[PDB]
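Accompanying notes for the structure given below.
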Amino acid sequence: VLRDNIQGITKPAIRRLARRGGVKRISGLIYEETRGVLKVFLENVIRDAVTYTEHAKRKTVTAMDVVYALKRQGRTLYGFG
Amino acid sequence: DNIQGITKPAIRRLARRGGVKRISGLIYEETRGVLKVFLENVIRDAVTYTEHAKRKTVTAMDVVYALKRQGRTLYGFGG
Amino acid sequence: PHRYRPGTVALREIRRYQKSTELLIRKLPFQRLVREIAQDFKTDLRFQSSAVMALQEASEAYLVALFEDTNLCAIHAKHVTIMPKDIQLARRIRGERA
Amino acid sequence: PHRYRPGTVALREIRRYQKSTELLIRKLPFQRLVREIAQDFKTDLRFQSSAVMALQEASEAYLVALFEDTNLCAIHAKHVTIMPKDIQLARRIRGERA
Amino acid sequence: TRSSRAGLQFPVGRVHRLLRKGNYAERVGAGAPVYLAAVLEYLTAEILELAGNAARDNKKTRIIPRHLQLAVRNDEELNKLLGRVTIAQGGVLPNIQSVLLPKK
Amino acid sequence: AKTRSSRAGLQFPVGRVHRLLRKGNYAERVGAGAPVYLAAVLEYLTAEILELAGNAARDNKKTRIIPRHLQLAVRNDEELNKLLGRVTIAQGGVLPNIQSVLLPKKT
Amino acid sequence: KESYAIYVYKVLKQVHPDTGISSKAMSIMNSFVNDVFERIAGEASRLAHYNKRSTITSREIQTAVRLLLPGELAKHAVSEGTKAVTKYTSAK
Amino acid sequence: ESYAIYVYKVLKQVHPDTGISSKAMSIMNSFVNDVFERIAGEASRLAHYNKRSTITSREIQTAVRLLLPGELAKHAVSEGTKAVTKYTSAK
DNA sequence: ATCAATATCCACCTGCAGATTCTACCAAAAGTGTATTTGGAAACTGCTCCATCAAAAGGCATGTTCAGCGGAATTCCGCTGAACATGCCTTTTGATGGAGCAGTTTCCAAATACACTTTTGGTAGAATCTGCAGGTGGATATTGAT
DNA sequence: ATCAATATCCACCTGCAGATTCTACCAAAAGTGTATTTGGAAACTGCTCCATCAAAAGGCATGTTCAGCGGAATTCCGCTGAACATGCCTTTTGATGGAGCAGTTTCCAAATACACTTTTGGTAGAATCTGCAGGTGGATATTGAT
């Protein structure tokens with residue numbers, strides 16, 4: 001059973017995302033604040049994605065489902081499956 | 001000058017509704033600039049909705065529709 | 001000659017204006033600004049009484065909120081005086097620039 | 001022994017990562033987090049692969065974005081180290097609290 | 001009427017008309033206009049209920065935009081649902097950043 | 001039997017853009033010039049970004065356009081940047097940009 | 001010029017019988033209804049399209065409500081909705 | 001159905017010796033269908049706002065003005081008009 | 001400025017993977033061509049409600065004084081970045097069964113399509129009514145000073 | 001802590017602008033009954049691709065040590081905004097033509113709707129082509145110590 005997979009987003013991966021974000025120096029508290037932010041972000045897209053899946057009486061979340069979900073949030077994504 | 005028509009007292013008042021206590025001198029010309037860029041975006045879209053209808057009169061609906069597209073939905077003038 | 005101290009009257013003004021709902025900008029100077037900007041888009045225009053109200057209602061509403069975020073950006077920087085750069089940052093973080 | 005002063009490798013890595021475009025989060029770990037959050041919302045749910053990839057594309061896009069804004073609030077503060085309150089300010093002004 | 005058939009104050013028949021002339025779809029089922037109308041009556045009820053309270057609270061009987069504003073923003077959910085809506089003549093909630101208050 | 005796309009002088013499918021305008025249920029009727037004008041705009045719009053993507057690629061000594069190229073082309077253009085200010089081009093990266101106060105030394 | 005103003009007035013009374021409402025207030029309520037109507041209609045339209053369907057039925061209306069309204073608000077809006085349909089059907 | 005072959009033509013038109021990857025073509029497809037839906041919807045709406053049951057080259061033009069930034073809109077209007085005018089006189 | 005340690009650069013070189021290449025099938029498009037319906041431009045017109053202007057009225061510009069705020073320079077203690085050793089778990093290459101998506105045909109509950117009869121929610125003219133916004137009195141909390 | 005100036009809160013008073021009550025007219029709903037059409041669920045099922053188990057190997061996460069430096073907190077100072085009383089220049093308010101915003105009638109260019117015939121973009125099947133990923137090496141910067 002899947003539990004605590006939020007820790008699967010390693011300090012290293014969060015450090016790399018910040019470099020792209022152009023961040024030079026990071027505080028120790030940042031990593032946990034970020035898991036939180038990423039957690040909420042995902043709970044929101046997947047809820048919607050899954051809501052779309054259910055309405056089509058399917059059992060598989062398709063990329064379209066994620067794509068429609070993102071559009072509903074003003075985070076339109078190009079190029080997907 | 002019209003933009004200068006928006007006075008310091010008026011601007012200082014707005015900021016107070018925003019819960020602002022102390023206001024640097026440079027904030028006023030900075031402010032009018034925001035408002036200018038604001039209106040321009042809205043008014044253009046409204047004037048456009050105006051012309052599509054072949055009117056020489058901007059109607060409050062043309063502003064409401066404009067605002068809706070700017071993502072600034074405004075309840076009070078229909079729609 | 002009793003005199004109030006810096007920020008005491010302002011603070012009382014905050015209180016004051018957060019209760020009222022009326023426009024804080026005078027109608028005429030504003031109508032003039034709206035009209036001049038419109039002129040650059042299409043000449044010989046006439047504005048409904050309500051159309052200008054809406055625009056004003058929206059502008060103050062807009063500006064007011066921009067002020068709350070600025071105040072926050074000032075405080076984030078251990079200050080209490082909202083400065084230009086404080087507005088600058090807010091607008092950048094709202095996508096009004098990026 | 002040779003040793004770069006602190007922050008040199010970091011600039012090195014900003015330059016580095018801003019040139020590439022590969023996802024910076026381990027795949028499998030991320031997929032688990034997706035499956036977890038999904039199944040603690042509904043069951044018997046299968047995922048197209050590309051579906052988990054769209055979600056990673058978006059998440060990273062979202063986080064890198066957040067980090068730039070956060071990085072800006074810090075510089076406004078005259079700091080170079082993004083702190084939690086920076087993310088909070090950014091997130092708020094961004095319109096996710098506020 | 002249909003509203004009466006579904007037990008509602010809102011105009012089911014009208015809502016139905018508006019769903020057709022709205023070019024939202026080729027066809028419109030019979031429940032949709034009923035179900036939707038139900039939700040508009042309910043949402044309406046929720047806001048009026050809170051704003052009525054807001055008026056009693058300020059010691060007034062006739063509700064004004066300011067009472068719609070106060071009911072909306074002082075409510076996590078409705079405030080979310082109207083997160084990008086500006087209520088004319090509504091004003092703002094009374095709020096002062098603590099750090100701005102006189103040093104007691 | 002000339003296509004409408006050629007009648008209009010376009011690469012884009014006027015007949016197709018016309019169908020989609022019906023299946024999209026946007027209005028009761030669709031004018032004849034509607035699809036023609038719209039495929040004209042869509043063609044114009046894709047030629048504009050491709051012009052830019054292609055350049056980005058030349059600047060990258062690459063012959064084939066890839067997502068990062070579309071990304072670099074879109075973010076470097078004021079107007080495309082605004083038109084897609086809320087679109088995320090997957091596998092595109094970001095624009096190299098390091099705040100000044102971060103760089104070391106002085107002057 | 002149609003408006004939900006009279007129906008708004010009805011609902012109001014069932015909730016605050018002694019409470020009245022100014023014009024400007026009643027106009028705001030009108031925009032409010034028009035707004036959610038469009039937001040709900042649109043999402044439903046959209047849902048039918050993604051599923052290559054021709055009809056916007058209450059199933060559509062329902063899901064859209066789940067997508068648009070905040071949690072608990074959505075909870076009741078669904079019940080309310082479901083109830084309204086049940087009543088309408090179970091009627092001669 | 002895709003826009004791929006059409007994107008390819010134009011592509012070859014601007015840059016005769018350049019190719020496009022599939023992901024890139026994928027994003028170019030997403031792009032087209034996106035702009036297509038915004039302009040459509042802006043148009044759809046415009047008509048209803050005007051009690052008009054027909055979308056035409058005139059709604060499309062306005063939609064294009066409301067939706068596209070500065071210089072792009074100007075140029076897009078030309079292209080649209082030019083094409084309508086041409087197709088107009090060809091039959 | 002010199003010098004040793006490292007990382008960045010960049011042009012040459014080979015290999016798999018993904019792209020450009022065809023043969024033919026072709027349902028579903030897109031085109032062509034009467035027949036029948038109709039939406040909305042176009043010209044005419046009355047009724048609002050908008051632009052203009054006069055003069056009663058309710059704020060704003062202006063100069064002064066100074067309290068306190070932001071910017072600067074300083075100090076220091078702790079926490080984050082660099083470098084390193086170690087070893088695990090992610091990535092990769094493959095294969096298998098079976099779920100559950102998506103195609104195809106059947107076919108009735110539900111929906112569009114008039115057509116007829118009833119009700120009703122919007123408007124316009126008129127009179128009645130009433131919730132509260134400004135207005136006053138007077139008590140008392142708040143603030144700034146000595 | 002002690003006055004002394006203001007501001008703020010409150011119970012009450014009352015004209016009036018706007019909310020409410022009443023009648024009447026009415027086209028445009030919205031309800032209702034007939035009968036013709038159809039979308040999409042149900043039932044069978046082909047077939048894509050999702051999950052998942054297996055294994056070998058190094059790309060990388062983890063955890064530790066060390067010290068450089070950046071953030072936090074304290075002090076100090078010049079300059080900038082806040083508060084105020086003076087003063088009048090502009091906005092505000094209520095009135096009066098006429099310009100267009102709409103309400104209506106006309107009627108033709110243009111959009112269904114239908115039946116065919118024709119051209120095509122999608123494609124699955126196989127197989128040849130090619131841009132660059134990624135590995136190598138060694139000449140040019142970038143850095144940091146002295």
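Note on naming: chains are A, B, ... as they come in the structure tokens, residues start from 1 per chain, ligands start from 1 in the order shown.
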
Give me, as an NGL selection string, the contact residues of chain F against chain G at a cut-off of 10 Å, counting only C-alpha atoms.
:F and (23-25)

Dump of C-alpha atoms for the selected residues, as a short mmCIF file (atom, residue, chain, number, x, y, z; two decimals), in the first residue's frame:
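Written output follows (again01.cif):
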```
data_model
loop_
_atom_site.label_atom_id
_atom_site.label_comp_id
_atom_site.auth_asym_id
_atom_site.auth_seq_id
_atom_site.Cartn_x
_atom_site.Cartn_y
_atom_site.Cartn_z
CA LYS F 23 -19.69 20.68 -34.20
CA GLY F 24 -18.41 23.25 -31.71
CA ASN F 25 -21.93 24.56 -31.41
#
```

Put chain C on top of chain D with a least-squares fit on all C-alpha atoms, paired in order, and send it back as a short mmCIF file (atom, residue, chain, number, x, y, z; two decimals) with N, CA and C atoms, in the first residue's frame.
```cif
data_model
loop_
_atom_site.label_atom_id
_atom_site.label_comp_id
_atom_site.auth_asym_id
_atom_site.auth_seq_id
_atom_site.Cartn_x
_atom_site.Cartn_y
_atom_site.Cartn_z
N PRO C 1 43.99 20.50 -2.05
CA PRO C 1 42.54 20.24 -2.20
C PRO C 1 41.64 21.39 -2.67
N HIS C 2 41.75 21.74 -3.95
CA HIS C 2 40.93 22.79 -4.56
C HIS C 2 39.46 22.55 -4.19
N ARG C 3 38.80 23.59 -3.70
CA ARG C 3 37.39 23.53 -3.30
C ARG C 3 36.64 24.78 -3.85
N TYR C 4 35.40 24.63 -4.31
CA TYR C 4 34.69 25.81 -4.83
C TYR C 4 34.02 26.57 -3.70
N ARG C 5 33.74 27.85 -3.92
CA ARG C 5 33.13 28.67 -2.88
C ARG C 5 31.61 28.63 -2.91
N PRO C 6 30.97 28.92 -1.77
CA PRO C 6 29.51 28.91 -1.69
C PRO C 6 28.88 29.67 -2.84
N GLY C 7 27.91 29.05 -3.48
CA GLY C 7 27.20 29.71 -4.57
C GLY C 7 27.83 29.65 -5.95
N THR C 8 29.07 29.20 -6.02
CA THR C 8 29.71 29.14 -7.32
C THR C 8 29.19 27.97 -8.15
N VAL C 9 29.02 26.83 -7.49
CA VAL C 9 28.51 25.63 -8.13
C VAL C 9 27.02 25.78 -8.42
N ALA C 10 26.32 26.39 -7.48
CA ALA C 10 24.89 26.58 -7.63
C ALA C 10 24.64 27.43 -8.86
N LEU C 11 25.37 28.52 -8.95
CA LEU C 11 25.23 29.42 -10.05
C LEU C 11 25.51 28.67 -11.34
N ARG C 12 26.46 27.75 -11.30
CA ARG C 12 26.78 27.01 -12.51
C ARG C 12 25.61 26.07 -12.76
N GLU C 13 24.99 25.56 -11.69
CA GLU C 13 23.82 24.69 -11.81
C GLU C 13 22.61 25.45 -12.44
N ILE C 14 22.40 26.71 -12.03
CA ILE C 14 21.32 27.54 -12.57
C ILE C 14 21.52 27.50 -14.06
N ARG C 15 22.65 28.04 -14.50
CA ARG C 15 23.02 28.04 -15.92
C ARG C 15 22.65 26.71 -16.57
N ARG C 16 23.18 25.65 -15.99
CA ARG C 16 22.95 24.32 -16.47
C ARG C 16 21.49 24.00 -16.70
N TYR C 17 20.70 23.99 -15.63
CA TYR C 17 19.29 23.64 -15.77
C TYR C 17 18.34 24.58 -16.54
N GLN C 18 18.77 25.82 -16.78
CA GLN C 18 17.92 26.71 -17.54
C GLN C 18 18.08 26.47 -19.05
N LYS C 19 19.01 25.60 -19.41
CA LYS C 19 19.21 25.26 -20.81
C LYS C 19 18.43 23.98 -21.11
N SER C 20 18.57 22.97 -20.27
CA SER C 20 17.87 21.70 -20.44
C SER C 20 16.35 21.83 -20.28
N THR C 21 15.61 20.81 -20.69
CA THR C 21 14.16 20.88 -20.57
C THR C 21 13.62 19.68 -19.86
N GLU C 22 14.49 18.78 -19.45
CA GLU C 22 13.97 17.59 -18.82
C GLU C 22 13.44 17.70 -17.41
N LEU C 23 12.59 16.74 -17.07
CA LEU C 23 12.01 16.70 -15.76
C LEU C 23 13.17 16.68 -14.78
N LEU C 24 12.99 17.32 -13.63
CA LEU C 24 14.02 17.41 -12.61
C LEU C 24 13.67 16.49 -11.47
N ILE C 25 12.46 15.95 -11.52
CA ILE C 25 12.02 14.97 -10.53
C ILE C 25 12.02 13.55 -11.16
N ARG C 26 12.47 12.55 -10.40
CA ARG C 26 12.51 11.18 -10.90
C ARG C 26 11.10 10.65 -11.14
N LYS C 27 10.91 9.98 -12.28
CA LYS C 27 9.61 9.46 -12.65
C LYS C 27 8.87 8.59 -11.61
N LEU C 28 9.52 7.57 -11.07
CA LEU C 28 8.85 6.71 -10.12
C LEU C 28 8.39 7.32 -8.79
N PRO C 29 9.26 8.05 -8.08
CA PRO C 29 8.77 8.61 -6.82
C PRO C 29 7.53 9.44 -7.08
N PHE C 30 7.51 10.09 -8.24
CA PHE C 30 6.41 10.95 -8.63
C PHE C 30 5.15 10.19 -8.99
N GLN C 31 5.33 9.07 -9.68
CA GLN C 31 4.18 8.30 -10.10
C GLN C 31 3.51 7.81 -8.86
N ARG C 32 4.32 7.46 -7.87
CA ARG C 32 3.77 6.98 -6.63
C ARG C 32 2.96 8.05 -5.92
N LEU C 33 3.46 9.28 -5.90
CA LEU C 33 2.75 10.36 -5.22
C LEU C 33 1.39 10.62 -5.89
N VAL C 34 1.40 10.69 -7.22
CA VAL C 34 0.19 10.91 -7.99
C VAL C 34 -0.86 9.85 -7.69
N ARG C 35 -0.44 8.59 -7.74
CA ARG C 35 -1.34 7.48 -7.48
C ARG C 35 -2.02 7.45 -6.11
N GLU C 36 -1.26 7.81 -5.07
CA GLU C 36 -1.74 7.83 -3.70
C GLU C 36 -2.75 8.93 -3.53
N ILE C 37 -2.51 10.05 -4.16
CA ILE C 37 -3.45 11.12 -4.01
C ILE C 37 -4.72 10.76 -4.75
N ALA C 38 -4.58 10.09 -5.89
CA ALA C 38 -5.76 9.72 -6.68
C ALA C 38 -6.64 8.72 -5.91
N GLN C 39 -5.99 7.76 -5.27
CA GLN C 39 -6.66 6.74 -4.48
C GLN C 39 -7.69 7.32 -3.51
N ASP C 40 -7.43 8.49 -2.95
CA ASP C 40 -8.34 9.14 -2.00
C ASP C 40 -9.55 9.65 -2.74
N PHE C 41 -9.46 9.72 -4.05
CA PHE C 41 -10.57 10.21 -4.80
C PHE C 41 -11.38 9.09 -5.45
N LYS C 42 -10.74 8.04 -5.87
CA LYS C 42 -11.50 6.98 -6.48
C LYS C 42 -10.55 5.81 -6.52
N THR C 43 -10.97 4.72 -5.89
CA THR C 43 -10.15 3.52 -5.82
C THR C 43 -10.06 2.69 -7.10
N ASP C 44 -9.03 1.85 -7.13
CA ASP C 44 -8.76 0.94 -8.24
C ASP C 44 -8.59 1.72 -9.55
N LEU C 45 -7.68 2.69 -9.55
CA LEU C 45 -7.46 3.49 -10.75
C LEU C 45 -6.20 3.14 -11.52
N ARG C 46 -6.26 3.34 -12.82
CA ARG C 46 -5.13 3.08 -13.68
C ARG C 46 -4.85 4.37 -14.44
N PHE C 47 -3.57 4.74 -14.53
CA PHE C 47 -3.13 5.95 -15.21
C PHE C 47 -2.43 5.72 -16.55
N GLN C 48 -2.81 6.44 -17.60
CA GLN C 48 -2.10 6.29 -18.86
C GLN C 48 -0.68 6.81 -18.68
N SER C 49 0.24 6.27 -19.47
CA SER C 49 1.63 6.66 -19.44
C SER C 49 1.70 8.17 -19.61
N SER C 50 0.94 8.69 -20.57
CA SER C 50 0.90 10.11 -20.90
C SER C 50 0.23 11.00 -19.88
N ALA C 51 -0.76 10.46 -19.18
CA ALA C 51 -1.45 11.26 -18.20
C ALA C 51 -0.48 11.64 -17.07
N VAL C 52 0.35 10.70 -16.63
CA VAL C 52 1.32 11.01 -15.58
C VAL C 52 2.38 12.00 -16.10
N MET C 53 2.80 11.83 -17.35
CA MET C 53 3.78 12.75 -17.89
C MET C 53 3.22 14.18 -17.81
N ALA C 54 2.08 14.40 -18.45
CA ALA C 54 1.41 15.69 -18.42
C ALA C 54 1.41 16.27 -16.99
N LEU C 55 0.85 15.54 -16.04
CA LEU C 55 0.83 16.00 -14.66
C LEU C 55 2.20 16.40 -14.13
N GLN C 56 3.24 15.65 -14.50
CA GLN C 56 4.58 15.99 -14.02
C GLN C 56 5.09 17.26 -14.70
N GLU C 57 4.83 17.33 -16.00
CA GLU C 57 5.24 18.43 -16.83
C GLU C 57 4.64 19.66 -16.29
N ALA C 58 3.38 19.56 -15.88
CA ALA C 58 2.65 20.68 -15.33
C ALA C 58 3.16 21.01 -13.94
N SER C 59 3.33 20.02 -13.09
CA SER C 59 3.80 20.30 -11.74
C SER C 59 5.16 20.98 -11.66
N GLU C 60 6.12 20.49 -12.42
CA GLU C 60 7.41 21.12 -12.36
C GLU C 60 7.25 22.52 -12.92
N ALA C 61 6.57 22.60 -14.06
CA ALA C 61 6.31 23.88 -14.70
C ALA C 61 5.72 24.84 -13.69
N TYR C 62 4.75 24.35 -12.95
CA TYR C 62 4.10 25.11 -11.92
C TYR C 62 5.14 25.42 -10.87
N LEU C 63 5.67 24.43 -10.17
CA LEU C 63 6.66 24.71 -9.14
C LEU C 63 7.81 25.61 -9.56
N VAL C 64 8.33 25.40 -10.77
CA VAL C 64 9.44 26.23 -11.25
C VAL C 64 9.14 27.74 -11.17
N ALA C 65 8.01 28.10 -11.74
CA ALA C 65 7.54 29.46 -11.76
C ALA C 65 7.29 30.02 -10.36
N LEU C 66 6.78 29.18 -9.47
CA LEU C 66 6.52 29.61 -8.12
C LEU C 66 7.87 29.96 -7.52
N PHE C 67 8.92 29.29 -7.98
CA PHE C 67 10.24 29.59 -7.46
C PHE C 67 10.76 30.93 -7.96
N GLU C 68 10.46 31.30 -9.20
CA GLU C 68 10.94 32.59 -9.69
C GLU C 68 10.29 33.71 -8.87
N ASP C 69 9.00 33.60 -8.62
CA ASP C 69 8.37 34.65 -7.85
C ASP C 69 8.91 34.73 -6.43
N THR C 70 9.24 33.58 -5.85
CA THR C 70 9.75 33.55 -4.49
C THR C 70 11.10 34.25 -4.45
N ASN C 71 11.93 33.93 -5.43
CA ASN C 71 13.25 34.52 -5.51
C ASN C 71 13.07 36.03 -5.51
N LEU C 72 12.19 36.52 -6.37
CA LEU C 72 11.90 37.94 -6.40
C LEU C 72 11.46 38.53 -5.03
N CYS C 73 10.66 37.79 -4.27
CA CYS C 73 10.19 38.23 -2.96
C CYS C 73 11.29 38.26 -1.94
N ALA C 74 12.30 37.42 -2.16
CA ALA C 74 13.47 37.33 -1.29
C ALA C 74 14.32 38.58 -1.55
N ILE C 75 14.60 38.82 -2.83
CA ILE C 75 15.37 39.96 -3.28
C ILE C 75 14.66 41.25 -2.90
N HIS C 76 13.34 41.25 -2.93
CA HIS C 76 12.65 42.47 -2.57
C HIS C 76 12.94 42.79 -1.13
N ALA C 77 13.22 41.75 -0.35
CA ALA C 77 13.51 41.92 1.07
C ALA C 77 15.01 41.92 1.39
N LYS C 78 15.81 42.41 0.43
CA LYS C 78 17.27 42.50 0.55
C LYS C 78 17.91 41.19 1.05
N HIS C 79 17.59 40.10 0.35
CA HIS C 79 18.05 38.74 0.65
C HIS C 79 18.37 38.01 -0.63
N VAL C 80 18.92 36.82 -0.47
CA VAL C 80 19.28 36.00 -1.61
C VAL C 80 18.97 34.54 -1.30
N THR C 81 18.43 34.32 -0.12
CA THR C 81 18.09 33.00 0.32
C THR C 81 16.57 32.97 0.32
N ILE C 82 15.95 32.19 -0.56
CA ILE C 82 14.49 32.13 -0.54
C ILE C 82 14.02 31.35 0.72
N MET C 83 13.20 32.00 1.55
CA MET C 83 12.69 31.38 2.77
C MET C 83 11.20 31.09 2.75
N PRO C 84 10.71 30.24 3.67
CA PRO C 84 9.27 29.91 3.68
C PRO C 84 8.32 31.06 3.51
N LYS C 85 8.54 32.11 4.30
CA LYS C 85 7.68 33.26 4.24
C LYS C 85 7.73 33.86 2.83
N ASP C 86 8.86 33.72 2.16
CA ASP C 86 8.97 34.23 0.80
C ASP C 86 8.03 33.44 -0.12
N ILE C 87 7.82 32.16 0.15
CA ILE C 87 6.91 31.39 -0.67
C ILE C 87 5.52 31.80 -0.28
N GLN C 88 5.29 31.85 1.03
CA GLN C 88 4.00 32.22 1.59
C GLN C 88 3.40 33.46 0.95
N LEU C 89 4.19 34.53 0.89
CA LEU C 89 3.79 35.79 0.31
C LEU C 89 3.43 35.66 -1.14
N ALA C 90 4.27 34.95 -1.87
CA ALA C 90 4.02 34.79 -3.31
C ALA C 90 2.65 34.14 -3.54
N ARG C 91 2.40 33.01 -2.89
CA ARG C 91 1.12 32.34 -3.04
C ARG C 91 -0.09 33.17 -2.64
N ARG C 92 0.08 34.02 -1.64
CA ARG C 92 -0.98 34.91 -1.17
C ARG C 92 -1.25 35.96 -2.23
N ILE C 93 -0.19 36.46 -2.85
CA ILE C 93 -0.35 37.48 -3.87
C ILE C 93 -0.78 36.90 -5.22
N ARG C 94 -0.85 35.58 -5.33
CA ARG C 94 -1.30 34.98 -6.59
C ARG C 94 -2.74 34.55 -6.48
N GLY C 95 -3.30 34.71 -5.28
CA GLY C 95 -4.67 34.34 -5.04
C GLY C 95 -4.78 32.90 -4.67
N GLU C 96 -3.64 32.23 -4.55
CA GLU C 96 -3.66 30.82 -4.18
C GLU C 96 -4.12 30.67 -2.73
N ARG C 97 -4.44 31.80 -2.09
CA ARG C 97 -4.91 31.81 -0.71
C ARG C 97 -6.10 32.75 -0.52
N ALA C 98 -5.94 34.01 -0.92
CA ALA C 98 -6.99 35.02 -0.79
C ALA C 98 -8.27 34.68 -1.57
#
```

Near residue 15 in chain F, counting only C-alpha atoms (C1' of nucleotides), which residues have an atom at most 10 Å away, once you skip same-chain residues fewer than 6 positions from it, shown as a ChimeraX atom specification?
/F:3-5,21,35-36,39 /I:29-31

Between G:5, G:41, G:77, G:11, which residue has the minimum interatomic distance to residue 16 in chain E, considering only C-alpha atoms?
G:41

With only C-alpha atoms (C1' of nucleotides) as the counted atoms, please give the residues lying no more than 10 Å from residue 10 in chain G, apart from itself and same-chain residues fewer than 6 positions off, as an MDAnalysis selection string.
(chainID E and resid 9:10 41 45) or (chainID G and resid 4 17)

Selected residues, C-alpha atoms, written as a compact mmCIF listing (two decimals), in the first residue's frame, please.
```txt
# COMPACT_ATOMS: atom_id res chain seq x y z
CA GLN E 9 -39.58 29.22 -6.76
CA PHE E 10 -37.24 29.55 -9.73
CA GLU E 41 -32.48 28.71 -6.18
CA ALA E 45 -30.86 31.19 -0.91
CA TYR G 4 -34.45 36.93 -11.88
CA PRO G 17 -39.64 37.41 5.73
```

With only C-alpha atoms (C1' of nucleotides) considered, list every residue of chain J at most 9 Å from chain F, as number ranges by chain.
J: 110-112, 118-119, 131-132

Skipping near chain neighbours, those fewer than 4 positions away, what residues fall within 12 Å of residue 54 in chain B using only C-alpha atoms (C1' of nucleotides), listed as a PyMOL selection string?
(chain B and resi 47-50+58-59) or (chain C and resi 42+45) or (chain H and resi 50+58) or (chain I and resi 41) or (chain J and resi 100-101)

For residue 114 in chain I, work out the shell of residues within 12 Å, counting only C-alpha atoms (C1' of nucleotides) and skipping chain neighbours fewer than 4 positions away, then give it as JSON, numbers by chain.
{"J": [33, 34, 35, 36]}
